[PDB]
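In: take these chains first, placed just as they are in the complex:
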Amino acid sequence: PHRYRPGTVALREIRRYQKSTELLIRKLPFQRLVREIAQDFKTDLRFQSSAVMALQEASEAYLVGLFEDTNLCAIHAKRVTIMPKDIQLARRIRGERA
Amino acid sequence: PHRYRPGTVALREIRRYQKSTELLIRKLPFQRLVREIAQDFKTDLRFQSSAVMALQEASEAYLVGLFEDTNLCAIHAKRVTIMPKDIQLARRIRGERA
Amino acid sequence: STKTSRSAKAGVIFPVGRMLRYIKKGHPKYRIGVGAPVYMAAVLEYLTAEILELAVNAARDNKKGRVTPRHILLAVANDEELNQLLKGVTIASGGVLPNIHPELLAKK
Amino acid sequence: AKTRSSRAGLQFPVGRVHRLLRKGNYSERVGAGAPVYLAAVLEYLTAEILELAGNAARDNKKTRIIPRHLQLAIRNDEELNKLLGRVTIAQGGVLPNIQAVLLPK
């Protein structure tokens, strides 16, 4: 039979998405998240089409960046598996640390 | 003969210097370094004492901050000895790396 | 009986006149030397020029003749001084530079 | 006459704050309320830091607040720390704190 060794498809996935630019979170779900959160601040709100796109674009770019720093923190620890504490350190050093 | 174990004095200092607030770098040596850099930038400059003082307050606070972030990085790699690569990770995640 | 665009006088393509209007709309009691909007119109055109310069080259390398956001992120993130000037900026659908840490590479 | 500060029932200087709003060309006009409000806020935030610093001073058995006290006051209060996050206080020092793993056995 056939089967790809652990981490090969991942490396391939990396090379892939790292070459493209389309969003990676599902639109509908995101839009639901936005409106959900937005509510707790102001009721009966109306988002423009663009204001949601912009919101998501920012978010994904944010996470994609955070994952880069997190990857550095894993590698720093002789690992290659990003664990939650890599995200903590990364954000701690960033000044976010929430 | 008496002699403390390695670290005992170090922790002593950490406590000591964290409780105080005086500048840790020698004043004169610092003033020169500042004038050196300033001169190798624009000649015939004068400095109000406070500017030099301002620069040192700023310079020392900055490094103390860097050392904390540097210290977290070493601990992350299960080490207690800060190393150049430690200062390097912290500066990159900070966005300093220029 | 003729009119002459300050931009033409400045030998620039950007809106010298519009710039002055803008510098004022955004900074009240400040009077504005006629030099101001010309100097800036020129500086922005320059940086604009500089970005397009490399965006294209990037579009070219991508076997394409149409500059798109990607081509701009590439042109910016690969250039030291621009990438510096644009830290803290996110280019909609610009992607990220292709980069994989060797520690993660297969082995070969 | 009566001072606008007195009228708004404030210690901070409303007129002064008003004047600066102008010198600073933040805009064209300045509502008669703006400098009162701002003045009010600045005085409030001032009171807050002063409150915690005073305590900090007395905690250290001291009658006079110094920079290290503003430092301790500020760095121990979640919110003030956030507001003054990119700030550095000359002669303030730092919160004493040793990483746990660095302590002996």
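Out: Looks like it arrived, so ask away. Numbers count the residues shown, from 1 in each chain, chains lettered A, B, ... in the order given.

In: just the element for the residue of chain C found nearest chain A, please.
Out: Chain A sits closest to residue C:95 of chain C, with a gap of 4.0 Å, by C-beta to the nearest C-beta. Where you see a C-beta, it was placed from the backbone N, CA and C, and this is true even at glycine. Residue C:95 belongs to no helix or strand when assigned by DSSP states H and E.

In: repeat that for residue D:6.
Out: In this structure, residue D:6 is located in helix D:4-8 according to DSSP H and E.

In: so after that helix, what's the next helix or strand?
Out: Per DSSP H and E, helix D:4-8 leads on to helix D:14-23 as the next helix or strand towards the C-terminus.

In: before we move on, the earlier item: count the neighbours of the residue lying closest to the residue of chain C closest to chain A once chain neighbours are set aside for me.
Out: Computed as C-beta to C-beta, 6 or more residues apart in numbering or on different chains, the closest residue to residue C:95 that is not its neighbour in sequence is residue A:21, at 4.0 Å. The local packing count at residue A:21 equals 17, with neighbours defined by other C-beta atoms under 10 Å in any protein chain shown.

In: might one say that residue A:21 is in contact with residue C:93?
Out: Yes. Taking contact to mean C-beta atoms under 8 Å, the distance of 4.6 Å between residue A:21 and residue C:93 places them in contact.

In: list residues touching both of these two?
Out: Contact criterion C-beta atoms under 8 Å, 6 or more residues apart in numbering or on different chains; residues bridging residue A:21 and residue C:93 by contacting each: C:69-70.

In: since we're on residue 25, how many residues are nearby?
Out: Picked chain A for this. A count of neighbours around residue A:25, defined by other C-beta under 10 Å, yields 12.

In: oops, wrong one, chain D.
Out: Counted with other C-beta under 10 Å, residues neighbouring residue D:25 total 11.

In: now swap in residue D:36 and tell me
Out: Counted with other C-beta under 10 Å, the burial measure for residue D:36 works out to 21 neighbours.

In: let me know the helix or strand that it is in.
Out: Secondary-structure element containing residue D:36, defined by DSSP H and E: helix D:34-59.

In: same check, this time on residue C:40
Out: Counting by DSSP H and E, residue C:40 is part of helix C:35-61.

In: let's add chain E too:
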Amino acid sequence: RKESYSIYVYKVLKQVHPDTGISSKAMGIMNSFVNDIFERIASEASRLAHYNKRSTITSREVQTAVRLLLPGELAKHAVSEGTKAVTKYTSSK
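Out: Okay, here's chain E dropped in alongside the others:
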């Protein structure tokens, strides 16, 4: 003459605690503090007005600014005082 908030900070200091004093170095910080926030708020307020094509900074802009700049709880009490003051002011004559 160089003006500063010394006497004003001192007034507030004496209310929070009557028997406490403040070093000139500490008063310095206090000054820097007041000036910094004064800047942050006025600035944010400024932009706010321009985003909304307005030509006037009013107590209303100042408030939103205070909202955008300050940490939740500090913000709340901040906005009380603000209003409390503007309101009182608007009747003291």
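
In: chain E added, so what about the neighbour count of residue D:25 now?
Out: One way to gauge burial is a neighbour count; for residue D:25, by other C-beta under 10 Å, it gives 12.

In: now do the contacts for it.
Out: By C-beta under 8 Å, 6+ apart, the contact list for residue D:25 reads C:27-30.

In: sec struct for it, please.
Out: For residue D:25, the assignment made with DSSP: H, G, I helix; E, B strand; the rest coil gives coil.

In: before we move on, back to that, drop anything exposed from the contacts of residue D:25.
Out: Neighbour counting over the contacts of residue D:25 (16 or more other C-beta atoms under 10 Å in any protein chain shown) leaves no buried ones.

In: near chain D, list only the ones from those residues.
Out: Checked against chain D using C-beta under 8 Å from any C-beta of the partner chain, the contacts of residue D:25 yield the following neighbours: C:27-30.

In: turn those into TSV, including secondary structure and distance to chain B.
Out: Written out in TSV, the entries for the ones next to chain D among the contacts of residue D:25 read as follows (DSSP: H, G, I helix; E, B strand; the rest coil; distance: C-beta to the nearest C-beta, whole Å):
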residue	secondary structure	distance to chain B
C:27	coil	28
C:28	coil	31
C:29	coil	30
C:30	coil	28
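
In: and those, which is closest to chain E?
Out: Relative to chain E, the closest of the ones next to chain D among the contacts of residue D:25 is residue C:28; by C-beta to the nearest C-beta it sits at 8.6 Å.

In: show me the contacts for that closest one.
Out: Applying C-beta under 8 Å, 6+ apart to residue C:28 gives the contacts D:25, D:27-28.

In: burial of the closest residue to residue C:36 other than its chain neighbours, as a residue count?
Out: Of all residues not flanking residue C:36 in the chain, residue C:23 sits nearest, at 6.2 Å (C-beta to C-beta, 6+ apart). For residue C:23, the neighbour count with other C-beta under 10 Å is 14.

In: residue in chain D nearest to chain C?
Out: Residue nearest to chain C within chain D: residue D:25 (4.7 Å; C-beta to the nearest C-beta).

In: over to chain A?
Out: Checking chain A residue by residue against chain C with C-beta to the nearest C-beta singles out residue A:21 as nearest, at 4.0 Å.

In: verify the contact between that residue and residue C:71 for me.
Out: No. Using C-beta under 8 Å, residue A:21 is not in contact with residue C:71, being 10.6 Å away.

In: add chain F to the structure above, sequence below:
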Amino acid sequence: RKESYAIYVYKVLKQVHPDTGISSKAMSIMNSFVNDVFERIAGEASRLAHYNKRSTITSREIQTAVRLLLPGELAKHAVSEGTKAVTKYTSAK
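Out: Now chain F, sitting on the chains shown earlier:
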């Protein structure tokens, strides 16, 4: 209405890449760019003027502003490009 730098971005583009065009979104980014740098430069400028108790933003401020905001090499050419345009604007009838 709704203005932009769209058309100028375009001229500049063609002026150096006749055989190349730019997409909608791509253009919006260039637009953002111009608006941002513009703002950063205008911000530093008025600020220099303020610190120096001046009431006029002039090419001198814009320049300093430019020096303070741009990386070395990039800054070099902008200073040139600027003074260049102001000189020709002054002489040129």
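
In: now with chain F: the contacts of residue D:25?
Out: With contacts defined as C-beta under 8 Å, 6+ apart, the neighbours of residue D:25 are C:27-30, F:46, F:50.

In: and what of residue E:29?
Out: Contacts of residue E:29 were listed using C-beta under 8 Å, 6+ apart, and they are D:67, D:70, D:89-90, D:92.

In: name the element the spatially most central residue of chain A belongs to?
Out: Averaging the C-alpha coordinates of chain A gives a centre point, and the residue nearest to it by C-alpha atoms, centre = their mean is residue A:63 (3.3 Å). Following DSSP H and E, one finds residue A:63 within helix A:49-76.

In: what about that helix, near chain B?
Out: Yes. Under the criterion of C-beta under 8 Å from any C-beta, helix A:49-76 makes contact with chain B via A:69, A:72-73, A:76.

In: host element of the residue minimising distance to the centre of chain E?
Out: Centre of chain E computed as the mean C-alpha position; nearest residue by C-alpha atoms, centre = their mean is residue E:38, 5.9 Å away. Taking DSSP H and E as the criterion, residue E:38 maps to helix E:24-51.

In: got the angle between that helix and helix F:24-51?
Out: Relative orientation of helix E:24-51 versus helix F:24-51 (axes from the mean of the first three to the mean of the last three C-alpha atoms, to 10 degrees): 140 degrees.

In: sorry, back to before: tell me the contacts of the residue nearest to the centre of chain E?
Out: D:17, D:20, D:38, D:42.

In: against residue B:20, how distant is whatever residue of chain D ends up closest to chain B?
Out: In chain D, the residue that lies nearest chain B is residue D:93 (3.6 Å; C-beta to the nearest C-beta). From residue D:93 across to residue B:20, the span is 7 Å (C-beta to C-beta, to the nearest Å).

In: which one of those two has more residues nearby?
Out: When residue D:93 and residue B:20 are compared on other C-beta under 10 Å, the one with more neighbours turns out to be residue D:93, at 19 against 11.

In: before we move on, the earlier item: the helix holding residue A:63 close to chain F?
Out: No. Helix A:49-76 is not in contact with chain F by C-beta under 8 Å from any C-beta; minimum separation 10.4 Å.

In: ok, that helix near chain C or not?
Out: Yes. Contact check for helix A:49-76 against chain C, using C-beta under 8 Å from any C-beta: residues in range are A:54, A:57-58, A:61, A:64, A:68, A:71, A:75.
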